[PDB]
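A.B. asks: Whatever this is, show me its structure:
(chains A, B, C, D and E, ligands or ions: 1)
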Amino acid sequence: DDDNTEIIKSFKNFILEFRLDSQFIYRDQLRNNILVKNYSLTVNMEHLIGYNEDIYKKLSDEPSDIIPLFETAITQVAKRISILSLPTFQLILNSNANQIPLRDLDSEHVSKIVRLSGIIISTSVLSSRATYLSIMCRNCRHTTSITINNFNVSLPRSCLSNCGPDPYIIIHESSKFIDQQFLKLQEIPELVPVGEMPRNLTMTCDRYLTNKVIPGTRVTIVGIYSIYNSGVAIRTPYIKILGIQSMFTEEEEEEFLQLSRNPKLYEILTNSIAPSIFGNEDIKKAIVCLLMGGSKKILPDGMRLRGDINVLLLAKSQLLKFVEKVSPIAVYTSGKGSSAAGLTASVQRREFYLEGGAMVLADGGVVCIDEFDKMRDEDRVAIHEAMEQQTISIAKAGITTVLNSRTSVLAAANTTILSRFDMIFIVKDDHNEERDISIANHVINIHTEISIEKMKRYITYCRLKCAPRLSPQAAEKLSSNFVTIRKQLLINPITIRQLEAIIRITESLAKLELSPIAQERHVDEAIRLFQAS
Amino acid sequence: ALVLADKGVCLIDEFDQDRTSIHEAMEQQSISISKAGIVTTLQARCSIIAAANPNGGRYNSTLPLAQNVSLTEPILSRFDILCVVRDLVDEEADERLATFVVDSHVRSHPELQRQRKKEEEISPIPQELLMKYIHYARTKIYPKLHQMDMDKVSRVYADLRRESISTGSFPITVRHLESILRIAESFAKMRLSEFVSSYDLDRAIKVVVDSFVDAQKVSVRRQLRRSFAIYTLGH
Amino acid sequence: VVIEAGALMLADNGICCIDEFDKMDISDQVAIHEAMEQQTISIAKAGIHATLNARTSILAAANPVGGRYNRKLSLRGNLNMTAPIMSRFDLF
Amino acid sequence: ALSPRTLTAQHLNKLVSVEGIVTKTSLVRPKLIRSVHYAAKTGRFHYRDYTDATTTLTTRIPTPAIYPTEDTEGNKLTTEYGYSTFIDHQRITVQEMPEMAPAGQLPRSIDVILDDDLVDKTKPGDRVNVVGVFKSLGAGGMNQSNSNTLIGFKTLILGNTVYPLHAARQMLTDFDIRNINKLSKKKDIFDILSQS
Amino acid sequence: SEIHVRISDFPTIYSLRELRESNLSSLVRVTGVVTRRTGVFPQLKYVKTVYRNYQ
Ligand SMILES: [Zn+2]
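C.D. replies: Residues are numbered from 1 along each chain as shown, chains lettered A, B, ... in the order given. See below for the structure:
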């Protein structure tokens, strides 16, 4: 009976006295945690060992029994430093003991503190556990209460105030609860023996350790290794977790502004795109315009005006990979697609369902297609709606839904389908032996102007900050050029759907300078670059 | 089944989802999958040897490789060595084959010295020693390139690209160069040599260039072999 | 699965007779082809794996396409049978 | 004011408001709360009441749903349907809107209880805002079970009020009627409306 | 705390055909292919507590 008091006294004196140099680090941490309504304490094992090794020995022998005592000691200290009501505090641990590989845990480790690491592969939803709980006695209508703690309980049968064999029920109207969550840990990929599928474990956490990690992240874990009921005399193992380890600044935008006022920025950005590829100036310019894009607009009568850009390319393999790397968001695919959804979408079967291809998935970003001619039959017709409307709509087999397809498409191949694109060009080649020799020398080196990341961040900044408008002079220029070309064709087609593309190219060109208005300088370069032919 | 092939050899004797799995397998060296919220990864890390029947009953030599297969271009691009084997007509070859076949058939009949004579006539190396040798070489030997002759390799690569473009052939690529260097390392490993040598590069160049030539149409084949004589036969 | 033996298992070290082979579905012709290639049968499903021996010789009957043989054409043209299966009969 | 993702154990027994999409609806069922009986000999009408955990905010001993057949004084009883009282009951499920789902993660949802007037005012696919008391239920495995009590308690929202969300209809005010009638007497209303 | 003796080269062999009721509680030597394998679990050793591995 007295041992429960001495241990609590010992941990209470541990928190109140541990200085390293001049700061009571744990008194300060426990005060600073309460002010932000965080009821927990993060103790370090090495400091506990340094203070008194006997306390660590007791903790190491019987963790399941001794952890609650230290927690209630934390509560007793927490009340003194902040009151002249609080819940029970959560203890959290850090350690540097030798990691056990997940594959080696066995019957020798049951009810021991264990440190391991792996990859999280799944996460459950949150669930409720009880800590303080009230009880009603059915016969006499007497009432009492119980305090649960979550370490390895059932309702009692010692009736009070005969009173009967099993008279107790719960008043949920006057009880307290906490959160709980389940996780799955899979062993590290570079530790598995050859020819075997990786092994995994299941584990639990509660209160502040919940909702701290997501699937696919590599983590390190400290926790008690134990068993639970779910052959003969055989039980399942698991782990109780006690600890886990896993927009612009001003100085950034100053650099981007300095770039914006450079008189030769357009040349600089074109030169920075696929520098190994020789020639093909207008291709690089068109890719800059594709990356930057126009400006979206919405009108009083509800009509909606597109912002995206679309380009086709008729060597060519490299540029799509570069566009994938430089773009803020990017998807890469070949014409047949990743599944039966193809590029756009399809219905599959047993009840029917629907899944989207690599036009729905790239919504909000860029998508590049490696061979546009290998497009499937359904996608040939569906890309019309995917490009013009930026939507995909299906009414089949009782399904009736519409999907968003807001993206800019880059494509390459080697007909009427060319009408959907804003610009079309044909790739050109040159055959200097020095170029091939340089490439070969670089290949042997691995076998034996603006950088990508800076350019990507700059593109993000320009997309976020500016959305320019046409000046009146540009309007007069464009309308005169439009009627001029149509008259020239008449005496010898251009249509409104291409004028509205020239406008988007003009806005994208004005976007680089961060000029709020587009000007005749941009209109001239726009119509100059319009010569797809 | 690629998990079971980890650091081993994968064998395919005949041939959409299977091909899709093989596309991902050749593109990567690791396999990844997700299901009902779960996410996980696996390793393939293996050599793939495959065989196929050329689009029905018989191969057509007048046409390029793509006409004779049910494969996408990246498959042919990413494999190191490609080859076609055909039942050619020759009286002497037929006689040699028939004599060897009946001789082996008699040699296998159910009805120590006999075994030793049989074994030593069968092969020049005892295959137990060869298997141990292969295991030893795979575990111990890790060759490296020598930097002198690589200037010549770059010049040969540029020349091959120029000649390919000149006749209008599909061009040679960095994949072919990488395959040449890797095959040269394999030749060095086969004799337990930690150094690649000029003859290794020559043999690798011959293998890859001949494989590249076999994929082409007949007129392109004739032009290539007439120009490439200083590689396929000479060096 | 029910595992219970099929016809080819009962004909182990025996003669298996197939009548009107040409009416068999391709999806089952391939199964007979796979068994005939190896003289072996494999099962792997529902956590149960098994391998079995099928040293059986096959005797087959078939109809020419259109019901009457065409002397103008090869046997491949007359018969609705895929080439790998046709390659594995000793005698026609 | 919350959403299904963020509803947390701290909020139990509080009055909360949630927003989401209806995904499932149960069939409507009747529920007994009171029964009336006529004693054959004495001519006296008797009655009794019933309770269940979802019927009351406060907690009471559950009732066995048995009809009494015999009086305290031994008289045989008869049940008077039509004088007894039954009420309607329906359960639904509400899920967080897909626009708020993070990182392609699994979405989360809550079950709601409706009764009396609130029944059948929603269908699947409706965007809806629900007001009610957030409460727990059951023994949670502390009544003896094989789980070692790792499983948690069950929880619900008891529907107090339901409002739709517009994501079509409008209701006119008097000024709209005046303007609509006045505009109709222009000479060329058809041209104005068509060109608009 | 405890050591196990492993016996080797037992001089008689059965397949899974020849086993009969007379073999019960006798030592046997058997060969075959492993078709299926469970995961490893702990098992209570004595019926203070001790465990052992099981499969
Ligand atoms: Zn009592």
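A.B. asks: ok, now which ones touch residue A:516?
C.D. replies: Counting by Cβ atoms under 8 Å, 6 or more residues apart in numbering or on different chains, residue A:516 makes contact with A:466, A:468-469. The C-beta positions use only the backbone N, C-alpha and C, and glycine is treated the same way.
A.B. asks: Top of the residues you listed by number of neighbours, please.
C.D. replies: Among the contacts of residue A:516, residue A:468 has the most neighbours (other Cβ atoms under 10 Å in any protein chain shown), with 21 neighbours.
A.B. asks: do you know how far it is from residue A:522?
C.D. replies: Distance, residue A:468 to residue A:522, by Cβ to Cβ, to the nearest Å: 9 Å.
A.B. asks: what is in contact with these two at once?
C.D. replies: The contact lists of residue A:468 and residue A:522 share residue A:510, where a contact means Cβ under 8 Å, 6+ apart.
A.B. asks: List the ones among the contacts of residue A:516 that fall in strands.
C.D. replies: residue A:469 (DSSP state E).
A.B. asks: all strands of chain D, in order?
C.D. replies: Going by DSSP E, chain D shows strands at D:15-25, D:29-39, D:45-49, D:77-79, D:85-95, D:109-115, D:127-137, D:154-164.
A.B. asks: my bad, the stretch 201-350 of chain A
C.D. replies: Assigned by DSSP state E, counting those that start in this stretch, the stretch 201-350 of chain A shows strands spanning A:218-228, A:236-245, A:297-298, A:304-305, A:311-313, A:330-333, A:345-348.
A.B. asks: can you tell which of those is closest to residue C:36?
C.D. replies: strand A:345-348 (35.1 Å; Cβ to Cβ).
A.B. asks: Redo the strands of the stretch 201-350 of chain A as TSV? Include mean neighbour count and distance to residue B:217.
C.D. replies: Below are those laid out as TSV (neighbours: other Cβ atoms under 10 Å in any protein chain shown; distance: least, Cβ to Cβ, whole Å):
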stretch	mean neighbour count	distance to residue B:217
strand A:218-228	19	51
strand A:236-245	18	61
strand A:297-298	11	53
strand A:304-305	12	51
strand A:311-313	23	26
strand A:330-333	18	30
strand A:345-348	18	37
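A.B. asks: Redo these as TSV? Include distance to chain E.
C.D. replies: Shown next, in TSV, are these (distance: least, Cβ to the nearest Cβ, whole Å):
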stretch	distance to chain E
strand A:218-228	6
strand A:236-245	7
strand A:297-298	59
strand A:304-305	57
strand A:311-313	53
strand A:330-333	39
strand A:345-348	33
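A.B. asks: and of those strands, who's closest to chain C?
C.D. replies: Comparing those against chain C with Cβ to the nearest Cβ, the closest turns out to be strand A:236-245 (19.5 Å).
A.B. asks: So which elements touch that closest one?
C.D. replies: strand A:90-94, strand A:112-123, strand A:200-206, strand A:218-228, strand E:41-44 (3 or more Cβ pairs under 8 Å, 6 or more residues apart in numbering or on different chains; DSSP states H and E).
A.B. asks: Nearest to chain A among the strands of chain D would be which one?
C.D. replies: Taking these one by one with Cβ to the nearest Cβ, strand D:127-137 is closest: 4.8 Å.
A.B. asks: Go through that closest one and flag the buried ones.
C.D. replies: Within strand D:127-137, the residues that count as buried by 16 or more other Cβ atoms under 10 Å in any protein chain shown are D:128, D:130, D:132-136.
A.B. asks: Reformat these as JSON lines; add distance to chain A.
C.D. replies: JSON lines is the format used below for the buried residues of strand D:127-137 (distance: Cβ to the nearest Cβ, whole Å):
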{"residue": "D:128", "distance to chain A": "20"}
{"residue": "D:130", "distance to chain A": "19"}
{"residue": "D:132", "distance to chain A": "15"}
{"residue": "D:133", "distance to chain A": "10"}
{"residue": "D:134", "distance to chain A": "11"}
{"residue": "D:135", "distance to chain A": "7"}
{"residue": "D:136", "distance to chain A": "5"}
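A.B. asks: Among the residues you listed, which one sits closest to the ion?
C.D. replies: The ion lies nearest to residue D:136 out of these, by Cβ to the ion, at 24.9 Å.
A.B. asks: My guess is the closest one contacts residue D:158. True?
C.D. replies: No - with contact defined as Cβ atoms under 8 Å, residue D:136 does not reach residue D:158; the gap is 11.3 Å.
A.B. asks: Mutual contacts of these two, please.
C.D. replies: By Cβ under 8 Å, 6+ apart, no residue touches both residue D:136 and residue D:158.
A.B. asks: rewinding a little: of the buried residues of strand D:127-137, closest to residue A:371?
C.D. replies: Distances from residue A:371 to the buried residues of strand D:127-137, taken by Cβ to Cβ, are shortest for residue D:128, at 46.7 Å.
A.B. asks: all strands for chain E, in order.
C.D. replies: Counting by DSSP E, chain E has strands at residues E:41-44, E:51-54.
A.B. asks: Who does the last one pair with, and is each partner parallel or antiparallel?
C.D. replies: Okay, so that is strand E:51-54. As defined by DSSP bridges, the strand partners of strand E:51-54 come to strand E:41-44 (antiparallel).
A.B. asks: Just the C-alpha atoms of the strand it pairs with, please, in CSV.
C.D. replies: C-alpha atoms of strand E:41-44 as CSV (Å, rounded to 0.1, in the frame of the first residue of the first chain):
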residue,chain,number,x,y,z
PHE,E,41,2.4,-16.0,-32.4
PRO,E,42,3.3,-16.4,-28.8
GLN,E,43,1.8,-19.2,-26.7
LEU,E,44,1.4,-19.6,-22.9
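A.B. asks: Show me which residues of that strand are buried.
C.D. replies: Buried residues in strand E:41-44 (16+ other Cβ under 10 Å): E:41-42, E:44.
A.B. asks: What lies in contact with that strand?
C.D. replies: A:106-107, A:110, A:227, A:231-237, E:50-55.
A.B. asks: Run through the strands of chain B in chain order.
C.D. replies: B:9-12, B:30-35, B:38-43, B:47-50.
A.B. asks: highest average neighbour count across those strands?
C.D. replies: strand B:38-43 (a mean of 16; mean count of other Cβ atoms under 10 Å in any protein chain shown).
A.B. asks: Mind giving me the packing neighbours of that one?
C.D. replies: Packed against strand B:38-43 by the contact rule (3+ Cβ pairs under 8 Å, 6+ apart) you find strand A:112-123, strand B:30-35.
A.B. asks: Turn the ones you listed into JSON lines, columns for distance to residue B:45.
C.D. replies: JSON lines is the format used below for the helices and strands packed on strand B:38-43 (distance: least, Cβ to Cβ, whole Å):
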{"stretch": "strand A:112-123", "distance to residue B:45": "18"}
{"stretch": "strand B:30-35", "distance to residue B:45": "8"}
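A.B. asks: Name the residue closest to the centre of the chain, please.
C.D. replies: I went with chain A, as the question did not name one. When Cα atoms, centre = their mean is applied to chain A, the residue found nearest the centroid is residue A:214 (9.1 Å).
A.B. asks: let's do chain D instead
C.D. replies: residue D:114 (1.5 Å).
A.B. asks: For it, give me its contacts.
C.D. replies: Contacts of residue D:114 (Cβ under 8 Å, 6+ apart): D:89-92, D:121, D:159, D:162.
A.B. asks: How about residue A:346?
C.D. replies: Residue A:346 sits next to A:340, A:354-355, A:357, A:378 when contact means Cβ under 8 Å, 6+ apart.
A.B. asks: Just give me the neighbour total for the residue of chain B found nearest chain E.
C.D. replies: Relative to chain E, the nearest point of chain B is residue B:4 (14.8 Å; Cβ to the nearest Cβ). The local packing of residue B:4 (other Cβ under 10 Å) involves 12 other residues.
A.B. asks: any idea how far the ion is from it?
C.D. replies: Residue B:4 sits at a distance of 66 Å from the ion (criterion: Cβ to the ion, to the nearest Å).
A.B. asks: For that residue, which non-adjacent residue is closest in space?
C.D. replies: residue A:195 (5.5 Å; Cβ to Cβ, 6 or more residues apart in numbering or on different chains).
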